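Note: the block below is upload.cif and it holds mmCIF, C-alpha atoms and all ligand atoms.
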```cif
data_entry
#
loop_
_atom_site.group_PDB
_atom_site.id
_atom_site.type_symbol
_atom_site.label_atom_id
_atom_site.label_comp_id
_atom_site.auth_asym_id
_atom_site.auth_seq_id
_atom_site.Cartn_x
_atom_site.Cartn_y
_atom_site.Cartn_z
ATOM 1 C CA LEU A 1 9.480 -10.386 18.357
ATOM 2 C CA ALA A 2 9.139 -12.852 15.483
ATOM 3 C CA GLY A 3 5.356 -12.861 15.784
ATOM 4 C CA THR A 4 5.048 -9.079 15.840
ATOM 5 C CA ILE A 5 7.479 -8.685 12.931
ATOM 6 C CA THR A 6 6.200 -11.335 10.515
ATOM 7 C CA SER A 7 2.452 -11.077 11.198
ATOM 8 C CA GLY A 8 1.632 -7.735 12.838
ATOM 9 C CA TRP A 9 -1.134 -7.904 15.431
ATOM 10 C CA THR A 10 -2.955 -10.880 13.893
ATOM 11 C CA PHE A 11 -1.039 -13.507 15.877
ATOM 12 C CA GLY A 12 -2.386 -12.044 19.122
ATOM 13 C CA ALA A 13 -6.025 -12.738 18.245
ATOM 14 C CA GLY A 14 -5.952 -16.060 16.386
ATOM 15 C CA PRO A 15 -3.916 -17.628 13.593
ATOM 16 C CA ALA A 16 -0.825 -15.725 12.506
ATOM 17 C CA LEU A 17 -1.253 -14.249 9.020
ATOM 18 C CA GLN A 18 1.841 -13.022 7.209
ATOM 19 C CA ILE A 19 2.051 -9.537 5.699
ATOM 20 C CA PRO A 20 4.974 -7.514 4.279
ATOM 21 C CA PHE A 21 6.378 -5.136 6.868
ATOM 22 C CA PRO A 22 5.900 -1.880 4.872
ATOM 23 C CA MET A 23 2.227 -2.780 4.421
ATOM 24 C CA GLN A 24 1.923 -3.292 8.181
ATOM 25 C CA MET A 25 3.547 0.105 8.716
ATOM 26 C CA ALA A 26 1.003 1.613 6.322
ATOM 27 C CA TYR A 27 -1.752 -0.031 8.367
ATOM 28 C CA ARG A 28 -0.357 1.475 11.567
ATOM 29 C CA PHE A 29 -0.066 4.874 9.872
ATOM 30 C CA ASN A 30 -3.756 4.600 9.009
ATOM 31 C CA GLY A 31 -4.272 3.790 12.681
ATOM 32 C CA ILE A 32 -3.196 7.286 13.756
ATOM 33 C CA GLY A 33 -4.905 9.247 10.976
ATOM 34 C CA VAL A 34 -2.252 9.472 8.231
ATOM 35 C CA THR A 35 -2.820 8.039 4.765
ATOM 36 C CA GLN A 36 -0.781 5.206 3.261
ATOM 37 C CA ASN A 37 0.775 7.254 0.461
ATOM 38 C CA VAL A 38 2.790 9.226 3.027
ATOM 39 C CA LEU A 39 4.597 6.071 4.138
ATOM 40 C CA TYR A 40 4.918 4.684 0.621
ATOM 41 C CA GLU A 41 6.511 7.954 -0.524
ATOM 42 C CA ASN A 42 8.801 8.430 2.506
ATOM 43 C CA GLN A 43 9.715 4.780 3.149
ATOM 44 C CA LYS A 44 13.472 5.344 2.874
ATOM 45 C CA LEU A 45 13.485 8.335 5.224
ATOM 46 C CA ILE A 46 11.257 6.529 7.729
ATOM 47 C CA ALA A 47 13.489 3.446 7.717
ATOM 48 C CA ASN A 48 16.601 5.583 8.190
ATOM 49 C CA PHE B 1 -7.767 7.193 -4.575
ATOM 50 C CA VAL B 2 -4.968 8.692 -6.663
ATOM 51 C CA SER B 3 -1.757 10.287 -5.391
ATOM 52 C CA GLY B 4 1.410 11.014 -7.346
ATOM 53 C CA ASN B 5 2.824 9.003 -10.225
ATOM 54 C CA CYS B 6 4.363 5.587 -10.900
ATOM 55 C CA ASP B 7 8.030 5.935 -9.898
ATOM 56 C CA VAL B 8 8.140 6.930 -6.226
ATOM 57 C CA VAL B 9 6.432 3.810 -4.863
ATOM 58 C CA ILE B 10 8.463 0.599 -4.617
ATOM 59 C CA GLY B 11 6.611 -2.483 -5.817
ATOM 60 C CA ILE B 12 3.953 -0.807 -7.967
ATOM 61 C CA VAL B 13 2.139 -3.044 -10.447
ATOM 62 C CA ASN B 14 0.573 -2.663 -13.901
ATOM 63 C CA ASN B 15 -3.209 -3.021 -13.970
ATOM 64 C CA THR B 16 -6.443 -1.430 -15.199
ATOM 65 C CA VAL B 17 -8.805 0.738 -13.143
ATOM 66 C CA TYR B 18 -12.365 0.496 -14.439
ATOM 67 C CA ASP B 19 -14.365 3.724 -14.689
ATOM 68 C CA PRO B 20 -18.148 3.337 -14.251
ATOM 69 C CA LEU B 21 -18.965 6.710 -15.826
ATOM 70 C CA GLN B 22 -17.546 6.074 -19.305
ATOM 71 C CA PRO B 23 -19.848 3.201 -20.429
ATOM 72 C CA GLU B 24 -22.878 5.160 -19.221
ATOM 73 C CA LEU B 25 -21.694 8.239 -21.121
ATOM 74 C CA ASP B 26 -21.122 6.245 -24.318
ATOM 75 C CA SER B 27 -24.507 4.505 -23.999
HETATM 76 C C1 LIG C 1 3.979 -0.656 -15.587
HETATM 77 O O1 LIG C 1 3.698 0.765 -15.902
HETATM 78 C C2 LIG C 1 3.660 1.183 -17.283
HETATM 79 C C3 LIG C 1 2.383 0.641 -17.886
HETATM 80 O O2 LIG C 1 2.369 0.804 -19.298
HETATM 81 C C4 LIG C 1 4.918 0.781 -18.059
HETATM 82 O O3 LIG C 1 5.621 1.957 -18.449
HETATM 83 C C5 LIG C 1 6.102 1.831 -19.805
HETATM 84 O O4 LIG C 1 5.764 0.561 -20.385
HETATM 85 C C6 LIG C 1 6.218 0.400 -21.737
HETATM 86 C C7 LIG C 1 5.698 -0.936 -22.213
HETATM 87 O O5 LIG C 1 5.857 -1.940 -21.221
HETATM 88 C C8 LIG C 1 7.740 0.500 -21.789
HETATM 89 O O6 LIG C 1 8.171 0.404 -23.141
HETATM 90 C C9 LIG C 1 8.201 1.822 -21.188
HETATM 91 O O7 LIG C 1 9.621 1.857 -21.124
HETATM 92 C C10 LIG C 1 7.625 1.999 -19.786
HETATM 93 N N1 LIG C 1 8.016 3.284 -19.222
HETATM 94 C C11 LIG C 1 7.675 4.473 -19.736
HETATM 95 C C12 LIG C 1 8.185 5.673 -18.997
HETATM 96 O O8 LIG C 1 6.988 4.579 -20.748
HETATM 97 C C13 LIG C 1 5.819 -0.109 -17.218
HETATM 98 O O9 LIG C 1 6.844 -0.680 -18.023
HETATM 99 C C14 LIG C 1 4.987 -1.223 -16.602
HETATM 100 N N2 LIG C 1 5.817 -2.309 -16.078
HETATM 101 C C15 LIG C 1 6.705 -2.286 -15.061
HETATM 102 C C16 LIG C 1 6.908 -0.985 -14.329
HETATM 103 O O10 LIG C 1 7.325 -3.295 -14.744
HETATM 104 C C1 LIG C 2 10.532 -9.823 -2.795
HETATM 105 O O1 LIG C 2 11.467 -10.922 -2.758
HETATM 106 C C2 LIG C 2 11.962 -11.332 -4.040
HETATM 107 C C3 LIG C 2 12.842 -12.537 -3.801
HETATM 108 O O2 LIG C 2 13.149 -12.690 -2.423
HETATM 109 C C4 LIG C 2 12.706 -10.175 -4.693
HETATM 110 O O3 LIG C 2 13.170 -10.574 -5.977
HETATM 111 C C5 LIG C 2 11.774 -8.980 -4.824
HETATM 112 O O4 LIG C 2 12.484 -7.873 -5.369
HETATM 113 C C6 LIG C 2 11.194 -8.599 -3.462
HETATM 114 N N1 LIG C 2 10.242 -7.510 -3.604
HETATM 115 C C7 LIG C 2 10.603 -6.236 -3.793
HETATM 116 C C8 LIG C 2 9.482 -5.248 -3.916
HETATM 117 O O5 LIG C 2 11.780 -5.897 -3.861
#
```
Translate the structure described by the file into structure tokens.
Ligand SMILES: *[C@@H]1O[C@H](CO)[C@@H](O[C@@H]2O[C@H](CO)[C@@H](O)[C@H](O)[C@H]2NC(C)=O)[C@H](O)[C@H]1NC(C)=O
Ligand SMILES: *[C@@H]1O[C@H](CO)[C@@H](O)[C@H](O)[C@H]1NC(C)=O
Amino acid sequence: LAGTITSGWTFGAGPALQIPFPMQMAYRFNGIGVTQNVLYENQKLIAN
Amino acid sequence: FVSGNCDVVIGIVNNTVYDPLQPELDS
């Protein structure tokens, strides 16, 4: 849990590199075909 | 790429975005 929260998927393929959690969520949103601005503009709703 | 304005995002930062076209136009 700590690894997947503080470093995303990097810790599973080498050294663990830190990254802020909203930026990781933006990365994962890009993973499924949605742009970052959607998450950055609906962060509060998504967290709720 | 541009989207929206500078109040919705949390953690936005002042900086400058260079435009390649302007110096060519002025030259
Ligand atoms: C980042 O965004 C802009 C960049 O100029 C700033 O917005 C104005 O900045 C001036 C000078 O700093 C202030 O007097 C104004 O009150 C700001 N707001 C508006 C609506 O004009 C902003 O202050 C910059 N810095 C941040 C957001 O920390
Ligand atoms: C990041 O953390 C510092 C101190 O922990 C805090 O002052 C700052 O507001 C945080 N960043 C944002 C975007 O809130």
Residue 2 in chain A surroundings by all atoms listed in the file, 12 Å radius, close-in-sequence under 4 positions cut, as a PyMOL selection string: chain A and resi 6-9+11+16+18+21
Write a file of the selected residues as a PDB file, in the frame of the given file, keeping C-alpha atoms.
```pdb
ATOM      1  CA  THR A   6       6.200 -11.335  10.515  1.00  0.00           C
ATOM      2  CA  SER A   7       2.452 -11.077  11.198  1.00  0.00           C
ATOM      3  CA  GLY A   8       1.632  -7.735  12.838  1.00  0.00           C
ATOM      4  CA  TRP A   9      -1.134  -7.904  15.431  1.00  0.00           C
ATOM      5  CA  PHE A  11      -1.039 -13.507  15.877  1.00  0.00           C
ATOM      6  CA  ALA A  16      -0.825 -15.725  12.506  1.00  0.00           C
ATOM      7  CA  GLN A  18       1.841 -13.022   7.209  1.00  0.00           C
ATOM      8  CA  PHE A  21       6.378  -5.136   6.868  1.00  0.00           C
TER       9      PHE A  21
END
```
Residues matched by the PyMOL selection byres (((not hetatm)) within 9 of (chain C and resi 1)), written as a list in words: residues 6, 7, 11, 12, 13, 14 and 15 of chain B
Point-to-point distance from CA of residue 47 in chain A to CA of residue 5 in chain A, Å rounded to tenths: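 So the answer is 14.5 Å.
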Skip residue 37 in chain A itself and residues of its chain fewer than 2 positions away, then list as a short mmCIF file (atom, residue, chain, number, x, y, z; two decimals) with C-alpha atoms, keeping the file's coordinate frame all residues within 9 Å of it, counting all atoms listed in the file.
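What ended up in result_16.cif:
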```cif
data_model
loop_
_atom_site.label_atom_id
_atom_site.label_comp_id
_atom_site.auth_asym_id
_atom_site.auth_seq_id
_atom_site.Cartn_x
_atom_site.Cartn_y
_atom_site.Cartn_z
CA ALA A 26 1.00 1.61 6.32
CA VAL A 34 -2.25 9.47 8.23
CA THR A 35 -2.82 8.04 4.76
CA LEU A 39 4.60 6.07 4.14
CA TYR A 40 4.92 4.68 0.62
CA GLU A 41 6.51 7.95 -0.52
CA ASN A 42 8.80 8.43 2.51
CA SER B 3 -1.76 10.29 -5.39
CA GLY B 4 1.41 11.01 -7.35
CA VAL B 9 6.43 3.81 -4.86
#
```
Atomic distance CA of residue 12 in chain A - atom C1 of ligand LIG 2 (chain C), expressed in Å with one decimal: 25.5 Å
Produce the centre coordinates and the three edge lengths, each in Å to one decimal, of the box along x, y and z that contains all listed atoms of ligand LIG 2 (chain C) with 4 Å added on each side, as AutoDock Vina command-line options.
```
--center_x 11.3 --center_y -9.0 --center_z -4.2 --size_x 11.7 --size_y 15.4 --size_z 11.6
```
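Residue nearest ligand LIG 2 (chain C) within the list A:32, A:45, A:23, A:38: A:23 [criterion: smallest interatomic distance, only C-alpha atoms and all ligand atoms].
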Å distance separating atom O1 of ligand LIG 2 (chain C) from CA of residue 17 in chain B, one decimal place: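 Interatomic distance, atom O1 of ligand LIG 2 (chain C) to CA of residue 17 in chain B: 25.6 Å.
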Counting only C-alpha atoms and all ligand atoms, the residue of B:24, B:10, B:1, B:19 that sits nearest ligand LIG 2 (chain C):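 Under the stated criterion, the closest residue is B:10.
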Nearest to residue 8 in chain B by atom-to-atom distance, counting all atoms listed in the file, from A:28, A:48, A:43, A:13: A:43
Which of A:4, A:20, A:15, A:10 sits closest to ligand LIG 2 (chain C) [using all atoms listed in the file]: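 Among the listed residues, A:20 lies closest to ligand LIG 2 (chain C).
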Nearest residue to ligand LIG 2 (chain C) from the set A:36, A:22, A:29, A:46 (distances using all atoms listed in the file):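 Going through A:36, A:22, A:29, A:46 one by one, the smallest distance to ligand LIG 2 (chain C) is for A:22.
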